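Residue numbers start from 1 in every chain, and the chains themselves are labelled A, B, ... in the order their sequence lines are given, proteins ahead of strands. Reckoned from all heavy atoms, side chains included, excluding hydrogens, waters and symmetry mates.
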Amino acid sequence: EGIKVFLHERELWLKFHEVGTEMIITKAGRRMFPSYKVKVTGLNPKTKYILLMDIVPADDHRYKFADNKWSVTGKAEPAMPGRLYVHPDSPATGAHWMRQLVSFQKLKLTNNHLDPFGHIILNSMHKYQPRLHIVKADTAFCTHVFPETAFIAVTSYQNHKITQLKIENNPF
Amino acid sequence: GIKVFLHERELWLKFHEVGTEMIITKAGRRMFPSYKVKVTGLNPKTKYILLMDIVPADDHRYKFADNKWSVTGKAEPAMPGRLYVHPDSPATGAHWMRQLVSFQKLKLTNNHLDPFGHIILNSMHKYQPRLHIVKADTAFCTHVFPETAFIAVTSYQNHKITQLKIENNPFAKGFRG
DNA sequence: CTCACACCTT
DNA sequence: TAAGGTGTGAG
Ligand SMILES: [Mg+2]
Ligand SMILES: [Mg+2]
């Protein structure tokens with residue numbers, strides 16, 4: 001647990017964070033943008049670990065976007081326990097995980113409470129916090145939370161500034 | 001370090017074999033056994049926050065029948081679980097390691113409108129208590145003892161749990177044979 | 001599922 | 001002490 005985790009593309013995340021990050025969620029499931037990726041150090045090279053993500057409510061509010069601003073508009077909806085996204089390389093050695101960027105870019109977000117594909121179910125107009133968890137594969141694990149990756153789940157982009165950012169930052 | 005050891009593990013296992021139930025009430029109910037741990041491997045001078053939460057063990061709703069728990073439906077959706085921060089937090093590693101860390105005063109309630117800061121559970125659902133350890137100068141670590149999982153109930157279902165509670169909890173001494 | 005209650009601990 | 005944690009058992 002003397003492990004360090006570093007958010008990749010932090011500057012891009014910050015730009016989105018300043019505006020107020022939104023992530024589109026759909027029936028088919030949508031990848032996050034920015035992608036969530038991390039560098040990890042301090043793992044035992046030979047020990048096996050499972051790396052995984054979840055995405056948990058950031059608060060108890062429900063939100064609306066109006067007058068180019070977000071604001072609380074109600075009580076957050078109750079939900080089922082969040083699904084986990086287990087990194088596909090799991091389980092793997094500390095040396096494997098440390099050798100290059102651990103990317104969670106294939107993680108998908110859906111708004112379909114009946115989703116059959118294992119995608120992470122969110123509710124529109126709620127705020128969420130992505131978390132990374134590191135488990136010795138072998139009762140104990142550690143969790144890393146970057147506040148700048150927090151976001152509001154949306155059904156289509158609300159703040160037109162976000163749309164510009166996404167447009168300006170994806171080659172194709 | 002960091003290592004966390006469950007106190008009275010033997011007693012927990014006795015309940016766990018039968019299938020642990022924890023009473024929940026409006027006023028808030030202590031767990032029995034008391035959740036207590038020994039911790040080692042902390043930096044003696046560093047300050048830490050210790051806290052617990054209690055999370056759904058699965059997505060099921062249960063029923064008890066034929067002297068057996070069995071799945072009966074989908075679990076009820078719920079709000080995020082409240083935290084119980086240990087009263088001594090924040091404290092130094094040395095403080096935490098000096099004696100058992102007790103979470104005896106943690107209370108469980110069924111009142112979704114509870115104003116007392118107690119942990120809100122739904123009856124007939126299964127739950128897993130977890131201990132978290134947060135350091136000082138984002139990152140924290142979590143310890144999960146599966147032998148402490150339990151089904152929240154409004155009154156005891158399996159009479160073997162009732163008898164265990166009576167035999168081992170001092171406050172129930174008056175009901176003993 | 002709830003409450004007044006006897007009986008007990010701390 | 002006095003305050004407060006138990007399961008009870010009828011409703
Ligand atoms: Mg990206
Ligand atoms: Mg104990």
Side-chain angles (χ1 to χ4, degrees), chain A residues 78, chain B residues 6-38 50-79 81-89 91 95-96 98-127 129 131 145 147-177:
Chain B
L6 178 64
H7 189 65
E8 283 187 303
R9 173 168 129 104
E10 37 285 355
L11 180 58
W12 277 101
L13 287 166
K14 282 191 187 170
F15 280 95
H16 183 54
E17 276 154 29
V18 175
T20 308
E21 307 172 34
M22 296 294 184
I23 293 298
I24 60 177
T25 61
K26 188 171 190 199
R29 199 76 169 189
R30 287 183 181 180
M31 289 194 294
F32 189 91
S34 299
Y35 191 102
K36 307 190 181 178
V37 295
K38 171 173 173 67
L50 267 61
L51 60 87
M52 287 189 65
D53 65 357
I54 302 198
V55 300
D58 58 51
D59 287 18
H60 305 136
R61 169 175 193 105
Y62 294 79
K63 69 160 168 287
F64 185 85
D66 280 276
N67 251 205
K68 273 180 320 189
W69 284 106
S70 75
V71 181
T72 216
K74 217 88 187 79
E76 201 65 24
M79 301 303 298
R82 291 164 173 192
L83 305 181
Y84 175 85
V85 176
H86 191 283
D88 292 351
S89 298
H95 173 86
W96 292 121
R98 187 164 175 93
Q99 62 280 310
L100 287 176
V101 186
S102 167
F103 289 83
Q104 183 174 66
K105 278 171 204 154
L106 181 160
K107 281 166 163 175
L108 311 177
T109 182
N110 63 344
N111 176 13
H112 290 231
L113 296 177
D114 174 73
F116 298 124
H118 295 149
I119 289 180
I120 301 163
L121 304 176
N122 288 320
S123 192
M124 314 310 270
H125 302 234
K126 187 173 181 175
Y127 292 100
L131 172 78
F145 304 102
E147 63 272 48
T148 65
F150 68 83
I151 294 173
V153 299
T154 232
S155 66
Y156 292 133
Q157 301 292 304
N158 187 331
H159 183 263
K160 288 184 199 189
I161 292 305
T162 311
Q163 215 48 227
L164 255 13
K165 302 283 186 155
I166 291 165
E167 289 162 2
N168 292 282
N169 186 350
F171 292 116
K173 191 272 196 66
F175 295 105
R176 288 175 196 174

Nucleotide D:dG4, atom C1' - distance to NZ of B:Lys173 in whole Å: 17 Å

The correct pucker label for D:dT8, given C1'-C2'-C3'-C4' positive equals north and negative equals south, is south

Just to be sure I understand the rule, does B:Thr25 reach a base, reach only the sugar-phosphate, or reach nothing, if contact means heavy atoms closer than 4.0 Å? nothing

Is it true that B:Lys36 and B:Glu8 have a side-chain N and a carboxylate O under 4.0 angstrom from each other? no

Along nucleotides 6-11 of chain D, 5' to 3', which nucleotides get a B, which get an S, and which get a -, given that the test is a protein heavy-atom distance under 4.0 Å? BBS---

If only atom types and distance count, is the side chain of B:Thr109 paired as donor or acceptor with the main-chain N or O of B:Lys26 below 3.5 Å? yes

Do B:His159 and B:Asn67 meet the criterion of a side-chain donor-acceptor pair at a distance under 3.5 Å? no

Report all side-chain donor-acceptor pairs from residues 165-177 of chain B shorter than 3.5 Å, counting only partners two or more places apart or in another chain.
unit_1   : atom_1 : unit_2   : atom_2 : d
B:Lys165 : NZ     : B:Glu21  : O      : 2.9
B:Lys165 : NZ     : B:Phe32  : O      : 2.7
B:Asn168 : ND2    : B:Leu164 : O      : 3.0
B:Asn169 : OD1    : B:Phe171 : N      : 3.0
B:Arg176 : NE     : B:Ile166 : O      : 2.7
B:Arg176 : NH2    : B:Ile166 : O      : 3.4
B:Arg176 : NH2    : B:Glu167 : O      : 3.2
B:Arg176 : NH2    : B:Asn169 : O      : 3.2

Give, ordered by number, those residues of residues 51-73 of chain B having at least one heavy-atom distance below 4.0 Å to an atom of DNA chain C; if nothing qualifies, reply none. none

Gap between atoms NZ and P, on B:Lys26 and C:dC3 respectively (whole Å): 7 Å

Which residue, B:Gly174 or B:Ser123, contacts DNA chain C at a nucleotide closer to its 5' end, judged by nearest heavy atom? B:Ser123

Mind calculating the distance between CZ (B:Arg176) and P (D:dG5) to the nearest angstrom? 18 Å

Has B:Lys107 got a side-chain N or O lying under 4.0 Å from the OP1 or OP2 atom of D:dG5? yes

Would you kindly give the CD-to-P distance between B:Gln104 and C:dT9, to the nearest whole Å? 14 Å

Would a 4.5 Å heavy-atom cut-off, applied to side chains only, mark B:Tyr84 and B:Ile54 as touching? no

